[PDB]
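Have a look at the structure below, then the notes.
No value in this document is a laboratory result; all are computed from the given coordinates. Note that each Cβ is placed from the backbone with ideal geometry, even for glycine, and that neighbours are counted across all protein chains shown.
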């Protein structure tokens, strides 16, 4: 259909017709996506006003419009603007476009700010929406329950608590050897991947006590940690 | 309720119509749920679509006369896909024909020959011989004489348009003004001097004093019965020359050597 | 056999070939100017001479 | 007799199938499967005709089928059902080998090797449908099936290269029904066709498949054109993303034609000139692409005359395209001789033919162009001419009328003159010696820059195949 009808519905003066127009647009937002792209200022204008009880909806419409056009940055920021109604994306596997975007961006910021203070996450320097999204993609990896995925996203972003906490929940000594092998990968991964001097050292030192905790543990794995830090005290 | 609007138009108070339209817009949500939004038509559905169109139609027409551009464009916007859909069964009317004419005349008045030709392609099959050319003929003729650039024919058509006015006057008055600016441009490149009479005759003013008045508004001085196109035109180019975009657009010969080298050495 | 898919696909977008549809349904202009010139030369001449 | 030929036909398909299967299932060697897949289509369409066309039926019977059997029955039903040992799985010659697909393990769901074989079957059916000219029930059924079949998958780049062909027949089949035959329902399902193309288009950026993305843009634009939505096309192309990288030069020619058409009607002729010339070059010039060429050469001429350029009379003559370009020839002359009345009769006479290609609406604009040209002839021939003399020359009504044609024309610089009111004549003003001026410098500069671009394209292309060869073992 022409998108043309909707665009005129938005142009009417009174707020009442404008509010209604949103709903009809949202069911045809991906169909007619191409036409509406040209009409991005109206979508922004609706959002700015505070009369609308569909203010969240309007930001979400824009979000959609921006990713299809190909401006990925503007889309993810608009995703946290709405905040809610982002539910639809969380439970659809055909649009995880904005979510995946969120991780790429979030980690790059976090790595840079690690060097300043390593508790950057516990500060609100990170936006509060993003803090919620990051922990929920970690949760999807845990759903599949291979712990390696969970560890890998955090290893790149130089999250120090997450490396620790993952290992503590898999301390349970069902078989001591299996526990040890997931650690074997993690020690190796971190040398060849992590170059940032501070992040790497720190998780290595923590992992030494985690192996020592188990009364029975392979020591090939363990020896690597001590010689790398080269602390006689260890 | 829905009929109160139809009778408000005939009364003649077209401001009553406008004040009544925010209430009837709420009822336009209901008409929309009745129709499946253009996804299959049946005999339940043809009535429903019909009521939706009646409300819009007297609104289209009312807005035009009250020079309220916004409302007209929207109402019309809706009318367009509805009429376009489907096979004939009641999807054309006398009201359609009038509405498209008025629409095309707005586009001629904004001087947007770009959209007009495109809009004509979209419309094409419906106006070929199933509304024909009767009222729609008025802008088609009008485009033809100004492309040829016989301003004499064009002008004559608007005045003689008096016997055709039905609400056409909202585009027709404007379309005179548009003619004056196109001609005004032309006559500069040709010459520098016209007598008083000649200025009036080309631009089609009916008053000689109104001529001289227009000349000041057009930023032309007429002195001792002669235009002196010489001033402003030169002034404008000198003013245009100061701006900022500006080095690569103007093109420097210096720049040509610099750009050539870095191509090679890359 | 590779190019062939494309040749058939183009034809179909045209529909048939118009090429053969048209016959089923249904300064090179410059006259010899010698003839006109003959007339011109003679009329001018008659007057010129007896002037 | 029958049995023999059917079998033979069957064998041939099976050979081809295994080879392309091997290639894909043994690492990503992408180019090789793709080049192969295009040639196979031609080969398959050519095959069917002889060795009997129940090659398909045989092959379906003898796979680990999911609903291909159910499909096949629908196909036989349209064109009258028969039974001659066509019960699904009446043929077992698979015989528990992985090669032709291990019968037991597929059924259990410990392996699913049916995947690409089902995709391939849908391709064979589509292809066979259009060749045959089987329509109605099948088209609908086929469209229905395949759309959810693709959305079950979460495609690989290699599998997407394959649906890059399937959507062209999907588009085309829908159109054939819409084109035969008036329906309200055709109109309704045109909306739905757009919608799905657009959905698949967003996905194919992320999947990084240049081939698929291109194809979809060809289809969508063509759709806007038929229903005459120029506005829709103009918006769609400007979020430009169409790659010239992986795509066939067959596809490039179609793409550039759509560009040209939309520019034509809004009076932009500068951009339309270049795109049109390119599609001519790009197109393979062969016996059956000749239809495309004809349609295009009718447009290219229109674009030129509108610009104000005059196409050769020589061109139409020595071409093997003479007869179709008969109307065209009459227009070219009519503008040249500057006769308005003849122009008017000519487009009326040819009205039906022109109208099909929809170049007719362009022809109507060509009414101005006749007159304008006549005013250039007069300026060139006679530098200083009383305005009285032009009126007689072009048969125009009065002194005031010619005033008005020249005046509009010199704004556009066609004539390039100025009227001298006082003296009561017109002066040509273009009087050459632009050498002395800075002008040649400007001219050459563009040429120099253009060479450089051709160099970079040349350099780039040349080196790439060597690299692949050198790495590979070679004697």
Filter the stretch B:193-215 for residues that are within 11 Å of another protein chain (Cβ to nearest Cβ), outside any helix (DSSP H, G or I) and surrounded by 15 or more Cβ atoms within 10 Å (Cβ to Cβ) and give the result.
-> B:194
Check residue D:464 against each of (1) at the interface with another protein chain (Cβ under 9 Å from one of its Cβ atoms); (2) over 20 Å from residue D:343 (Cβ atoms) and name the one condition it does not meet.
-> (1)
Return a yes/no flag: does the stretch D:374-387 have any residue that is part of a helix (DSSP H, G or I) and touching a strand residue (DSSP E or B) at 6+ places or on another chain (Cβ under 6 Å).
-> yes
Read through the list (1) assigned to a helix (DSSP H, G or I); (2) over 15 Å from residue B:118 (Cα atoms), then give the number of the only condition that residue D:235 fails.
-> (2)
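Go through the stretch C:22-42 and give me each residue that's surrounded by 15 or more Cβ atoms within 10 Å (Cβ to Cβ) and more than 9 Å from chain D (Cβ to nearest Cβ). Outline the logic, then answer.
First, the residues of the stretch C:22-42 that are surrounded by 15 or more Cβ atoms within 10 Å (Cβ to Cβ): C:22.
Within the stretch C:22-42, no residue meets the criteria.
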So is residue A:216 touching a helix residue (DSSP H, G or I) at 6+ places or on another chain (Cβ under 7 Å) and exposed (fewer than 13 other Cβ atoms within 10 Å of the Cβ) or not?
-> yes
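Which of the residues spanning the stretch B:57-70 are farther than 18 Å from residue B:173 by Cβ and either buried (at least 21 other Cβ atoms within 10 Å of the Cβ) or away from chain A (no Cβ under 14 Å) (or both)? Spell out how you get there, then give the answer.
Residues of the stretch B:57-70 that are farther than 18 Å from residue B:173 by Cβ, as a first pass: B:57-60, B:62, B:70.
Passing the criteria: B:57, B:58, B:59, B:60, B:62.
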Test for residue B:146: is it within 14 Å of chain D (Cβ to nearest Cβ), crowded, with 16+ Cβ neighbours inside 10 Å, within 24 Å of residue D:373 (Cα to Cα) and under 16 Å from the mean Cα position of the chain (by Cα) | yes
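One line per residue, one yes/no per condition, for (1) in a helix (DSSP H, G or I); (2) more than 13 Å from every other protein chain (Cβ to nearest Cβ):
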site: D:221; (1), (2): yes, no
site: D:224; (1), (2): yes, no
site: D:243; (1), (2): no, yes
site: D:258; (1), (2): yes, no
site: D:263; (1), (2): yes, no
site: D:288; (1), (2): no, no
site: D:296; (1), (2): yes, no
site: D:301; (1), (2): yes, yes
Matching residues in the stretch B:65-79 - criterion: being under 17 Å from the mean Cα position of the chain (by Cα) and part of a helix (DSSP H, G or I) | B:65, B:69, B:70, B:71, B:72, B:73, B:74, B:75, B:76, B:77
Go through the residues of the stretch D:145-153 one by one and say whether even a single one is within 14 Å of chain B (Cβ to nearest Cβ) and part of a loop (DSSP other than H, G, I, E, B).
-> no
Please enumerate the residues belonging to the stretch B:32-47 that are away from every other protein chain (no Cβ under 11 Å), surrounded by 12 or more Cβ atoms within 10 Å (Cβ to Cβ) and part of a loop (DSSP other than H, G, I, E, B).
-> B:35
Filtered residues of the stretch A:74-119 (kept if surrounded by fewer than 12 Cβ atoms within 10 Å (Cβ to Cβ) and not in a helix (DSSP H, G or I)) = A:84, A:91, A:92, A:93, A:116, A:117, A:119
Can we say residue D:426 is crowded, with 17+ Cβ neighbours inside 10 Å, in a helix (DSSP H, G or I), facing chain B (nearest Cβ under 10 Å) and touching a strand residue (DSSP E or B) at 6+ places or on another chain (Cβ under 7 Å)?
-> no
Every residue from the stretch B:216-233 that is under 27 Å from the mean Cα position of the chain (by Cα) and loosely packed, with under 13 Cβ neighbours inside 10 Å | B:216, B:217, B:219
Any residue at all in the stretch D:154-172 that is under 29 Å from residue D:73 (Cβ atoms) and in a loop (DSSP other than H, G, I, E, B)?
-> yes
If we ask which residues in the stretch D:303-322 are within 14 Å of another protein chain (Cβ to nearest Cβ) and assigned to a helix (DSSP H, G or I), their number turns out to be 6
All-but-one check, residue D:93 against (1) under 34 Å from the mean Cα position of the chain (by Cα); (2) more than 14 Å from every other protein chain (Cβ to nearest Cβ), failing number (1)
Of all residues in the stretch A:20-46 being within 11 Å of another protein chain (Cβ to nearest Cβ) and part of a helix (DSSP H, G or I), which is surrounded by the fewest Cβ atoms within 10 Å (Cβ to Cβ)?
-> A:23
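Do we find a residue being under 24 Å from residue B:114 (Cβ atoms) and either assigned to a loop (DSSP other than H, G, I, E, B) or more than 13 Å from chain C (Cβ to nearest Cβ) (or both) anywhere in the stretch D:340-355?
As a first pass, look at the stretch D:340-355 and keep what is under 24 Å from residue B:114 (Cβ atoms): D:347, D:354-355.
Next, only the ones that are either assigned to a loop (DSSP other than H, G, I, E, B) or more than 13 Å from chain C (Cβ to nearest Cβ) (or both) stay: D:347.
Yes - at least one qualifying residue is present in the stretch D:340-355.
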Just a yes or no: is a residue in the stretch A:47-60 within 14 Å of chain D (Cβ to nearest Cβ) and surrounded by fewer than 13 Cβ atoms within 10 Å (Cβ to Cβ)?
-> no
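Consider residue D:364 carefully, then state whether it is in contact with a strand residue (DSSP E or B) (Cβ under 9 Å, 6 or more places away or on another chain) and surrounded by 10 or more Cβ atoms within 10 Å (Cβ to Cβ).
Values: in contact with a strand residue (DSSP E or B) (Cβ under 9 Å, 6 or more places away or on another chain): no; surrounded by 10 or more Cβ atoms within 10 Å (Cβ to Cβ): yes.
Judged against the criteria, residue D:364 is not a match.
Among the residues of the stretch B:91-110, is there at least one that is within 13 Å of chain D (Cβ to nearest Cβ), over 18 Å from the mean Cα position of the chain (by Cα) and in a loop (DSSP other than H, G, I, E, B)? Spell out how you get there, then give the answer.
Keep residues of the stretch B:91-110 that are within 13 Å of chain D (Cβ to nearest Cβ), which gives B:91, B:107.
Cutting the leftovers down to over 18 Å from the mean Cα position of the chain (by Cα) gives us B:91.
Pick out the ones that are also in a loop (DSSP other than H, G, I, E, B) and you get B:91.
Checked the stretch B:91-110: at least one residue is within 13 Å of chain D (Cβ to nearest Cβ), over 18 Å from the mean Cα position of the chain (by Cα) and in a loop (DSSP other than H, G, I, E, B).
So for the stretch D:63-71 (the condition being surrounded by fewer than 18 Cβ atoms within 10 Å (Cβ to Cβ), touching a helix residue (DSSP H, G or I) at 6+ places or on another chain (Cβ under 7 Å), more than 14 Å from every other protein chain (Cβ to nearest Cβ) and not in a helix (DSSP H, G or I)), does at least one residue qualify?
yes
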